[PDB]
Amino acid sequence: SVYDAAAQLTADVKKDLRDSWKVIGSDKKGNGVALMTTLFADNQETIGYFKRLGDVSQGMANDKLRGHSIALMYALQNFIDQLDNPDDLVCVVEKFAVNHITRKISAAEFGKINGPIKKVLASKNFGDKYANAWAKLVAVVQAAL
């Protein structure tokens, strides 16, 4: 269950999540867009899912892509803030899960976000340990898909 996934997150993992988010979460517009464009660059097969945002190659100049990228970072902000209460993390994770379930996004496809995250983290010198911490948070969402 999603609860099992959340309840598993340990103190050391929450620590790494919080420490890395302090940095990558401080520039939501910049890092959010970088996350999205990196996803499009390495997984071109996903572009079709974002037709609403228009031309995603426009990057920062694309207002729709900019608005989406910022809202995504607040969804992650929401997750980070709920870390100490599995009950709250679960209901927010499930809320956002529905947003992707309606778009027919499977658990496997959602996990494609791990690559971009690993790269953004690296650009700030957060190594594999931190990428693994984030893969665990992503897995919580996957448990709901």
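Residues carry their position along the shown sequence, with the first being 1.
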Between 102-110 and 72-80, which has the higher average C-alpha B-factor in the PDB entry? 102-110
Given the B-factors recorded for C-alpha atoms, which segment has the greater mean, 8-16 or 128-136? 8-16
Please work out which residue in 95, 51, 28, 66 has the highest C-alpha B-factor recorded for this crystal structure. 51
Among the chain's modelled residues, which third holds the C-alpha B-factor of residue 60? highest
Ranked C-alpha temperature factor of residue 86 among modelled chain residues, by third: highest
